[PDB]
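Below you'll find only one chain, the form deposited in one PDB entry, shown as structure tokens.
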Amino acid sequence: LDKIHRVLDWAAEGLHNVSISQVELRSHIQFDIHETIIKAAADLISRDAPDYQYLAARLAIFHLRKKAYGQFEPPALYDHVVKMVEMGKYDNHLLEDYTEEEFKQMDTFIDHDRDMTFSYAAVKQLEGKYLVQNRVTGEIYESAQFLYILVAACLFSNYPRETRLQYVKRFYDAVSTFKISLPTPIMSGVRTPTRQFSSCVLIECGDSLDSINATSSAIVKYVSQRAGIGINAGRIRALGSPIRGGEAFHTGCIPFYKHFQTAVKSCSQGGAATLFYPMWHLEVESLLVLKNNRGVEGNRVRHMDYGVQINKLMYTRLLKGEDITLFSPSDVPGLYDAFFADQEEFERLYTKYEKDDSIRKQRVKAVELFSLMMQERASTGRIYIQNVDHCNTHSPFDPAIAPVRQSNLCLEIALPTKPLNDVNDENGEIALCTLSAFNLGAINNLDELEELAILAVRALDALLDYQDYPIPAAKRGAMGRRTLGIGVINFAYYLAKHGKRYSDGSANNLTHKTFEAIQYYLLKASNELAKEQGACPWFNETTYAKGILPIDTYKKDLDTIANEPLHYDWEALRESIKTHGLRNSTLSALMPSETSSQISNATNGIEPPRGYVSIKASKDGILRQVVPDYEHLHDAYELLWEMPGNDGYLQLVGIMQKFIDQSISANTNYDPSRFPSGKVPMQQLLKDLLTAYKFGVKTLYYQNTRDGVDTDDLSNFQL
């Protein structure tokens, strides 16, 4: 009895508005036992008493210590590692790379009391998928600090003894205090005998059976490792196109899309993919309705998402109320390449081919085509936008040599690719990206990002050499460009604690300032890493190599929505990059973070919270999560459906994109009740779309619709 009361007293230390009486009462313990107490505390998590999220977490942590060690106090780090290596749960390279004395020293870095800083949802995620445990019985073998210290130890294991343990302590401190947020594959895998860490894959399909086959094989290999897939299939020629003469005739893109879909789902009882194609593709009107609920199974491919690729010329046809001409890529020499790489050349070829009567083509009204796209985007939420000209005029890569011609599953990755002619084709290029994030809630000031960038960039860069590559074309891209994708979490909390909001423009200057610091320090870190270990082999293919920086090539319309000046010495950085190079071709990308950000109780990525308390279902109960410091900042927060429209948020995304190397998983959101007759007008959908383009937004991800066309009014619009 009192043994339980003492643990409750212990877990409630330093908490406000929590009642041990209530936990006892709710648990019905008087009528294993500790698990019931944990759940009762978690069920008391609310707006009025958010601190229950820490009471329940600490009870849970206490329980896991006993479960793993038979006592609250963890064993010595060395004794733990030895035991786990023998059990085959840790990688045996740990005992070969580090001596017993070094494990003793690393143990002195460890602060096990930091386990008491997790929220309840954080502990459940750790227990659920991160902590090393028994496959079947679910018996946990470790605690959170052992995870953190060994992730740091593995990633910096090859560092010289002069600096190695110093880096290990730095990184361990950074992650265990939630300054740096690591993705799920790293949190679960690094320190274990696995080498599978790639979570997102970008594959470009060529217009041939061999490439379609290779692409399919590559998809299968990577979905079996539960990686998200980005597929460029826009090159595949249209239905009816001649083949060799034609000695045969093309039976269409859709049967090949269907084959890609069964590849994606081949290891699902699941697999997720986004497929990309140009808006002017001859089959586009058929491709746009592929997810539509009503139709024949023969002309539907519903279990993939799609990204429609658009440039300025397309939008211009819309604004002028003119036609868009559709072509098969096979019938228009140079057009596909120019679409991504050279806009004035695209316009030259496009108008030329439009006037050529010998070329198979179809004409549709731009209003009609755009409306069909946004109609399907609204009903599914899963028809995405890629502004391919923005992705190449404002890019780390020289589009003449390494154009960006697609994205990933979640539309934040922007990397070069090359089609494979065989699954083992050494001339192909499959884009991979290693991810992480800065927790904007946990940093005290922006200059703290200097060392954090050094730690984050070096840790991920070492992972590139550490991880394995199931496909040669994937290794080539990774070793060649060493592309990283570091983003942010807790942005909403960050804005709230600074008294700014999403929708009114109050955060425009702060956002400019914040993401200037992020990119500057990321670049500086990668530049210093290049001095020490050498620039990435294909650095010469970047705009950085030419002394071109993101501050040179951003969408100039940003100047009209923010006057925050640059605070860092970009001109000195410019010279140093041009001279010493970068270890990594890309550093930044703003991913969604709905899972990994739970560890630090962060708001998800750059998104506003839906509510003050989020309710999720889990393996063994319901998980409640309260936004950071609700107690003091509830009025400061701006919830998603409290925003009047998308303008404010889109302006912020544009401001971020000024500095981001890759792209951003930008959402659009609509509340039907905010409109007459409960219907979002097509005019509004198009306007926001145009707004996004105006401020340099590269991609549009989810369209969220809350569950509970005058072309003259767009004529004055300046793209």
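From 1 onward, residues are counted along the sequence shown. We call the rigid core the largest set of C-alpha positions that still match within 1.5 Å between the two forms.
Superposition on the core shows that, in 4 other deposited structures of this protein, the C-alpha atoms drift more in one of 42-50 and 22-30; this is 22-30. Between stretches 246-254 and 294-302, greater average Cα displacement in 4 other deposited structures of this protein relative to the shown form, fitted by the core, falls on 246-254. Unmodelled deposited residues between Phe31 and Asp32: 4 to 9, per the record. Counting the deposited residues that fall between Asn444 and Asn445 and carry no coordinates gives zero. For the pair 277-285 and 73-81, the record assigns the higher mean C-alpha temperature factor to 73-81. The stretch with the higher mean CA B factor, choosing between 186-194 and 257-265, is 186-194.
Across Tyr612, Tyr222, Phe339, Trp538, the greatest Cα temperature factor reported in the deposited entry is at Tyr612. You'll see in the entry that, of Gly477, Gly645, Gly138, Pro592, the Cα B factor peaks at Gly138.
In this PDB entry, the Cα temperature factor of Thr668 sits in the bottom third of its chain's modelled residues, the lowest group. Annotation for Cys410: CA B-factor lies in the lowest third of the chain's modelled residues. Sorting the modelled residues of the chain by their CA temperature factor places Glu516 in the lowest third.
Ranked by C-alpha B-factor against the other modelled residues of its chain, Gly547 falls in the middle third. In the PDB entry, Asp661 places in the lowest third of its chain by CA B-factor.
What follows is about the form deposited with a partner chain bound, which we do not show.
In summary, the region of this chain contacting the partner chain in the entry with it bound, judged by heavy atoms within 4.5 Å and restricted to 528-536, 330-338, 632-640, 174-182, corresponds to 528-536. Only one of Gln343, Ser371, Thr393, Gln105 lies close to the partner chain in the entry with it bound, with a heavy atom inside 4.5 Å, and it is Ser371. Exactly one listed residue, out of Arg235, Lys312, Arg114, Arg164, brings a non-hydrogen atom to within 4.5 Å of the partner chain in the entry with it bound: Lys312. Though the partner is left out of this view, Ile29 does not reach within 4.5 Å of the partner chain in the entry with it bound, counting heavy atoms only. Taking non-hydrogen atoms only, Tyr693 approaches the partner chain to within 4.5 angstroms in the entry with it bound.
Proximity of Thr579 to the partner chain in the entry with it bound: non-hydrogen atoms within 4.5 Å are present.
By the criterion of a heavy atom within 4.5 Å, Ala49 is excluded from the residues contacting the partner chain in the entry with it bound.
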